[PDB]
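One structure below.
Number of protein chains: 4
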Amino acid sequence: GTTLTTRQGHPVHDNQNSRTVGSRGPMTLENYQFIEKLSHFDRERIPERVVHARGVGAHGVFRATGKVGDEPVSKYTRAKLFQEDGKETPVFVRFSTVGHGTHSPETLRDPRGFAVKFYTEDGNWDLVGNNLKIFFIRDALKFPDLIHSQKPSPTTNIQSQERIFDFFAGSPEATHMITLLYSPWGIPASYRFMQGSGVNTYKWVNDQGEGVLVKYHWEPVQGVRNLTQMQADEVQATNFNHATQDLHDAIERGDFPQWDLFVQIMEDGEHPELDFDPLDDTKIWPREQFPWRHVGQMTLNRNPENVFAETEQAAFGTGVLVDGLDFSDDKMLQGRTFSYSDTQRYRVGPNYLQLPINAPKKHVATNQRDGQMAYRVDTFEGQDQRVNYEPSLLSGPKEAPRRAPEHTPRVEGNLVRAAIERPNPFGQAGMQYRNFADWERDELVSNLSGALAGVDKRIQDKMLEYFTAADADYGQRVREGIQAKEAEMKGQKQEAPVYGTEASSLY
Amino acid sequence: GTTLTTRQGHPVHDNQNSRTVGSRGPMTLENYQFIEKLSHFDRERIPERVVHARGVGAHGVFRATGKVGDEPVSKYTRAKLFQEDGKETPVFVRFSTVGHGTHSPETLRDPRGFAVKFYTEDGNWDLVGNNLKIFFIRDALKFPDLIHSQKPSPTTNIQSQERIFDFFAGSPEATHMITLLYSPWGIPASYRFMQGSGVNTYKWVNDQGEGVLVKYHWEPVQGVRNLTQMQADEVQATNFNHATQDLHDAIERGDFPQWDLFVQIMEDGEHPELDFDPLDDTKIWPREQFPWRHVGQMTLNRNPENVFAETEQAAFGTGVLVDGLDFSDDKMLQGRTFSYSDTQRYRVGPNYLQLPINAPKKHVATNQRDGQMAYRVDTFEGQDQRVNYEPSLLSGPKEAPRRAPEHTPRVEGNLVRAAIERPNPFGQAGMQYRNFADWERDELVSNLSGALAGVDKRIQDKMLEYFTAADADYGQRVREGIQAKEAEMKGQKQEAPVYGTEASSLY
Amino acid sequence: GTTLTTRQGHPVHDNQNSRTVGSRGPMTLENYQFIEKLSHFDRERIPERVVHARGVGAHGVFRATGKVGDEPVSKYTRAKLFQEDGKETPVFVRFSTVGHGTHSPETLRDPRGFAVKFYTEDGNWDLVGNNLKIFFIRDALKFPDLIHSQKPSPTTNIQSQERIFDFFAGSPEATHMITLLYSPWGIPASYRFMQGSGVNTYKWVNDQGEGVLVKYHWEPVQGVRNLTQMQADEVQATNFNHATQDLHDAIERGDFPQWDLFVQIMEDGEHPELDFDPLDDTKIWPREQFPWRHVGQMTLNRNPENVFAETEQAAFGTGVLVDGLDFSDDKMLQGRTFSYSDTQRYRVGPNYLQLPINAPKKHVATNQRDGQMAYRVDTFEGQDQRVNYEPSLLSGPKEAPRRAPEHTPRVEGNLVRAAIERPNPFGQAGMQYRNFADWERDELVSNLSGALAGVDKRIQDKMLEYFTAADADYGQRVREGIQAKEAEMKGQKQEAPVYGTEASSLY
Amino acid sequence: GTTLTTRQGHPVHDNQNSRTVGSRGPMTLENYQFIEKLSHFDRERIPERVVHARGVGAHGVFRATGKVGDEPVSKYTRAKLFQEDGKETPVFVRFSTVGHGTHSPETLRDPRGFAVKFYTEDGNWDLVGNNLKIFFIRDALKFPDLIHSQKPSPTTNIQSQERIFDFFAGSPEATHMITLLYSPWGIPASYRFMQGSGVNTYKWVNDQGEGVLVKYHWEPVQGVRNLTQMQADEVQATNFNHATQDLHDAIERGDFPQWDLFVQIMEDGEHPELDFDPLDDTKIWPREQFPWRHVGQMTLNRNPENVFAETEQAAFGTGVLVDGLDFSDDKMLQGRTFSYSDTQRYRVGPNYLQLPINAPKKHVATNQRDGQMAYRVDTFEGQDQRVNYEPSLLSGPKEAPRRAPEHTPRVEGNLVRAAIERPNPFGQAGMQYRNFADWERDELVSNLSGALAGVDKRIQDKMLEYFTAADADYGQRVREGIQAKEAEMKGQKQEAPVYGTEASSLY
Ligand SMILES: [Cl-]
Ligand SMILES: [Cl-]
Ligand SMILES: [Cl-]
Ligand SMILES: [Cl-]
Ligand SMILES: [Cl-]
Ligand SMILES: [Cl-]
Ligand SMILES: [Cl-]
Ligand SMILES: [Cl-]
Ligand SMILES: [Cl-]
Ligand SMILES: [Cl-]
Ligand SMILES: [Cl-]
Ligand SMILES: [Cl-]
């Protein structure tokens, strides 16, 4: 029961010594125990996520209220997990950073990942969102460009603020994101004291087949706490895993984190009465115009018994929708859908949906076959095994009858490559700057000043142009901050940093 | 229960049409059903086995007699699967060719694979052998050289007899193998009417820790049938899957194939009284000097419900030995042990031993962790999960106490790269030529003559030298056969072959 | 210069013996030469193509005439490779079957692959087509269903006509394809005597940005030859590589195969004057209504120096278009575009476009970085290496200015999952049946009769219904053929086939 | 020249917008530019090294003196790169940590990697060593056990000192390593101010075939600087890439780091006059008994132009030896040799030795073929391409004639699994404790005290037993440190750490 074996089932008698010619002689190839043990060890590492590499997972449950806001949930969506009051749905959630790889400090400035996997009766639903309600760009084509500038340089393997704002200098749509990111909101204190949002615009489909535009929001019961740059540096001094440790230990002691699910519902259409496009993920929907409607509550109450098998292998996709949910023409959203399935086949495996953490908690009958590491076949009991196709007069799985009309929105336009007609990259950025608290603006100006100091002046002028366009005080305060820090830099001594205490050889 | 779903568990309502803008318009990225279905389809194929690609599998059982020959089995080995009379052990067997890839004709000239996986109580045991009792080479270093000459040319993608015997011209040790291969024995009629053997020399270890040299043999109850070149060409005309079809359909109708397991036991040592090395896998052990000892009987009685998941993903390794079995200093055998584990991590997967077909049918407790497509963790119930190492004062699996002395043979010599001192590459080759039946020799001479006709004369002279060294009649008959066929080739017309009936465009 | 080395550059002194303790002793781990050699050998095989696995490649050149038909080529397209008379463009072509894997007989019934890669000055252009002008299905969602029924059964690993027509019974749109496939046209005699076509509908864009619907055709100068089933069985008896051998040997002796490129141009639009949809790939365009227009001629004159490095690693994609070419709303075509890139990253590699055979023969400047086996970085001379994104004020590659208007067709409709309004699955099928020659119809009826004999009657009735709808005589002849063949089967006895000559053990 | 293109060579006109139906409509599959760009991006990440993931690389040169110490280098070795005075050999060096993954703080306690690749005329030579002269274990079978305890826990994803010393409690041979590791020597200030060593025992072979035991040492010209835990915490606060930054910035400004290569030569044999085994890698060779002999000097003077393509893809193996160098019976060394090639085929690729950074800078002629991402074939000019095997009468690469006798040491003994007869796990550990400086001992006791505080007492007692066996004062000081720190912990209150400043929702 507790006897050490090989994966072939061979009981191991000596886990200490290799088989050699003499006690101090050479190893022979008569060492299967050694081979198998090391063969598997050499291939433990799978490639990390191209983004959101550093993360932590937790199991939990979602409770529905049966209604959206103060009116029945059936009015806007027919998603089965929402229909009944008190209906519990098992979930797995992974929190994460964005920029740097695994085992990187969780005190770094970054958006935070907030992915929730709903194991519903209509299959799985992945809500792949972040902490901030918006994103840097509005077109998915710019994503590898954004990440490359955000990630460590291919020449130094270190993040560069110059490289970061170099891309921002040509991307005015990221202004609103920067205003949030370089504020204290760019470094959440922990995952428990953090907001969540689907960022992109989605759609809800009801019994009638009617669709409405939808925003998702996670509101923490624990409240919201942010980490200033001074505070972040202090934590990082002795702890580069503080956020992972915070979530795990809280669940371990019974202090279960909770989030309330809110939704913003909007009538389908262009809405020309707005100065912004509702399909722009660099835009928020004002609560005074589009109030938040309560849907349910999620509680995380169980830690993974194995980080790799569950959290690391967990795979989330925006296309993973259940009946009642649908896409919108958010160009960012539809772009995402492609990459998730694409990257997960490579990272987690060809049959990654057959893994316990990714597999749905219900019946599955597909004609999909084979693939590497195929653990099971999606046949049903009594099926003619030789039938792996549809249609078939002999056997095999059948289509599901429609119990509700499909959502068929009207789409008209020319096949073009053009930006949206209402960019407005400075509008909401200025609003958020003014609506900030004093200590939040101070942190924003301080961070931007320290970041843009020493950077190419062509970049500086363009960023100052963007900040000024959002708010005059915004632009002026950053400009003065830059001039001040560039002046102080000029009056020091930039010799190479000396580390450690001088020592002498022991031999 | 029979409703078609995605692997996310989403019930599919339309498996016929993609989601498009209009019934005849362009596809959108709002097609997760399409994406997932095709995403998995594009990665169905895993790399085929580098050798023995074409094959067929079958489940079965092995019954032990409790004795070896007419004396107790405990005298020579302490392998648990042999100790009790009537003791049944589940097995999975894969038959195969060698040279060409999957879906290649099973009527081709090749050695035949005969791999048996024993799911014993001491873990799994893989007996990876062939139909012929010997092999081409005596050193594993020559294996990629042998296979490259055997396999289709890198310039034509077609097998070449000139390339084949080009390598044989510099490899006199393959003479005995050629004598068998180009005889009718090179094309077994089917897998059911075929012999089996471990080819390499192994070792049996008893209760005392004493070791003896061992040869394995599978004797078919159905008898032995071979396929002549004329007969093989006739079958190939309408059936390139005849051997796979033969085994499957026989089990399907209840005609279960059976093999008796025989063993040849030899005292450990150099044995200088022999003209051949007992560790040379190009050598057989004469029955008159080393009689065959019955051990048990194997019956194959169940076909795989899925060829890919079971047969294709099946992984066999010569190092996979249970207690009571051990290696010998067969340089070919020890070389094999490395490649099997090496190639299976790449082909089947990093966690290929976690697959149902490869996993042992007992308890497994290892400190091995992670790897791609990790379906489970080798922990035991109640274990401290954070302990994945040995030794440990906290928890984790423990070593197994020795219930019998380990086999510790004496090894003396200089670390050298040298061939065995008793090569004798022509001895047994000549014996087998003379011991052949008339119709077997006729086929041998006919095949060699047709193969060596047109080949470079430097190769021909060297091969004729080898054949003559084995037997004077052997060499002379092949020489005359070559001269005859080269003369007949000279008197024809070698225009490019014309195929099919002339046709005309339909448009 | 000719000295055998390791891939580390180490001169090999002994390629015959492994390093062991004594000439007949055990191998040590002191064998890097052995390790590296077998380590690479164990991973020679990459996964075969999920479809069109068996194939052969050839290098060549394409000559443009500068005009389409009798009018300038610039009138309809601005593709640079067509503009000048006598303009030569390097090409690589791979011919292939469809159903079975590598090293499978080329005498089997299948559509034949005809993929051409154009190394133009505007980058690469892949024309991924077949010999037949149409395909089985009109929606890419059905592709894995089609292939699964076409491919060997997951229970027997053998193709089954019952499984094939089981899918066809629920797919009436495949009727026209079947009419061609089970005719002599289903087995081309060789690749040189074979037609080629893009099958799908494409678009040509000129200087004005105007688009026109387009069909591609390859007409062999050598003529067209088809292989009857009786002729195919005779060839298969002694040669399962006859088509591969035919192309290679012809090029080797100087007999270079040639194809003339024809195009069918059609005004963009719905075209309600047709009984078929021009975007349906199960439909041909009648020459009497849409004449074939000559474009150029292609000549294949060089064989690959390495089959694997060139032919096996070759990657073709329908999305790989140069300026002047574009997509259509062919639901089949757009579906293909997804799968090629998806499967090639897995099969050939993440950086497969960096391989010599797939890499363009011009300038390449991308912001794409890394990936496994990254051989080079897409930077230009003098570039700031730390800039791998766009836009950038510092450095990096810049966008290309538009020298011609982009094609922006009007698209209106509801986001639906619905079939085309003009299916007409039997129309052209019947016409082709009547337009057949007598020997072509006889072969068609003979093949269908032998295939549908013994098959479940539910399948038979549906197929007979489809054949009859195309043509009354068509249905009746097949019906009579089935009744006749099912009757002769009833007067047989289905015992297990006996193979080979009885033999006796040699030991 | 600077125009942005696809990897197909297609000039990109719009790198900002995806192709959609209308400026704000859905994406179509008519987006190859989008597809290819994201398809490659989704697969940028390769699996990180299972150990030494975090690292930095640098190009350089090595100058030989032509002699070892004060006597000719030819006396002990015939390695070509050492024979001539002033002989320069191109090198690539990668420095690294051990425990945590990529982008992990370089201020962490760990051994430091020091891998050097020599591009010699006899091929490549990899000297894969660390900064410390010894290692934790003496048998490679314990390596995955060691790393698992050292690496973050599978339940918390955080390193645990309890898990670390849990393994050490059952591994007394790691005592000497711990004495160094928890001293200031466990955190080198930077890579430039750091020693290097091959750790394992190697062999040098001369013109006579005579072999001698060998230790390698890298002595930094810049001197040696270590980083205390207090100093490390201060650096980690604002910089987790300080060591990577230090090496890069130094080379960039012209301050090239230099190391002198020293060797320790010892007569081959058991050497019964020692209280330790010279093949034990947990043992150093006393300079007073075995003086350091100068060999040459290495200078690093060029930074990688691409971190991934060069540093990340760099592959080092202990088996990669040139003529004149050889193995010893160091059970640790021979174990390593297996794992490097095994893990690098998986990590870097099947053809990783074909990559520019790993490929030798000389002639390469192998019979190795294929493998994924095969960029070239190892054929020579004029070779018959169809010959990919040895021997061959037709063509192909030939063996190299021996210009010097091979080293063939005598090996006698029984095939056993047993530890060395002279373990002595506390001897040198105690000596190093006394030879330490006061500030070095203080740091050692301080680190051990803080680490073992709160840990299971069974572990504590075993470690205290090990420390005491090395030195009585050693054990007592740690014991007092533990008692003191466990007492101050008892006078605390272990509430959950509170992070960040309280904030409020912005919406
Ligand atoms: Cl709070
Ligand atoms: Cl899957
Ligand atoms: Cl399916
Ligand atoms: Cl039925
Ligand atoms: Cl018989
Ligand atoms: Cl495994
Ligand atoms: Cl283990
Ligand atoms: Cl315990
Ligand atoms: Cl690529
Ligand atoms: Cl790009
Ligand atoms: Cl390689
Ligand atoms: Cl080789």
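Protein sequence lines correspond, in order, to chains B, B', A and A'. A prime marks a further copy of an entry chain.
The opening residue of the first sequence carries number 30 in the entry's author numbering; numbering runs sequentially from there.
The opening residue of the second sequence carries number 30 in the entry's author numbering; numbering runs sequentially from there.
The opening residue of the third sequence carries number 30 in the entry's author numbering; numbering runs sequentially from there.
The opening residue of the fourth sequence carries number 30 in the entry's author numbering; numbering runs sequentially from there.
Where is the CB? At the ideal position from N, CA and C, for every residue including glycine.
According to DSSP, simplified to helix, strand and coil, what is residue i?
i	result
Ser68 of chain A'	helix
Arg123 of chain B	strand
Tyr375 of chain B'	helix
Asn255 of chain B'	strand
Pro213 of chain A	helix
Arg192 of chain A	helix
residue 540 of chain A'	Here chain A' comprises residues numbered 30 to 536, so residue 540 of chain A' is not present and cannot be evaluated.
Of the residues the options, which one's Cα is nearest the Cα of residue i?
i	options	result
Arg78 of chain A'	B:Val80, B:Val79 and B:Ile75	B:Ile75
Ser200 of chain B	A:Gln457, A:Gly346, A:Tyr462 and A:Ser421	A:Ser421
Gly425 of chain A'	A':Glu435, A':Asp407, A':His436 and A':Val440	A':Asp407
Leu33 of chain A	A':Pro454, A':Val416, A':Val527 and A':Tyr536	A':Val416
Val336 of chain B'	B':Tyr105, B':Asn453 and B':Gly86	B':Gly86
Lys312 of chain A	A:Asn453, A:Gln265 and A:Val264	A:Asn453
Would you decide whether residue i is buried or exposed? Buried here means 16 or more other CB atoms lie within 10 Å of its CB.
i	result
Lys390 of chain A'	exposed
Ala466 of chain A	exposed
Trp468 of chain B'	exposed
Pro119 of chain B'	exposed
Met259 of chain A	exposed
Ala499 of chain B'	buried
Just to confirm the assignment, what range does the beta strand (DSSP E) spanning residue i have?
i	result
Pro452 of chain B'	First-last for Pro452 of chain B': undefined, no H or E at that position.
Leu493 of chain B'	That residue, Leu493 of chain B', is in no beta strand (DSSP E); its alpha helix (DSSP H) goes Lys486 to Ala499.
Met295 of chain B	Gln287 to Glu296
Could you please give the first and the last residue of the uninterrupted alpha helix (DSSP H) stretch that includes residue i?
i	result
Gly479 of chain B	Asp467 to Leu481
Pull up the DSSP beta-bridge partners for residue i, would you.
i	result
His271 of chain B'	Note: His271 of chain B' sits in no beta bridge, so no partner.
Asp262 of chain B'	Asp262 of chain B' pairs with nothing; no bridge assigned.
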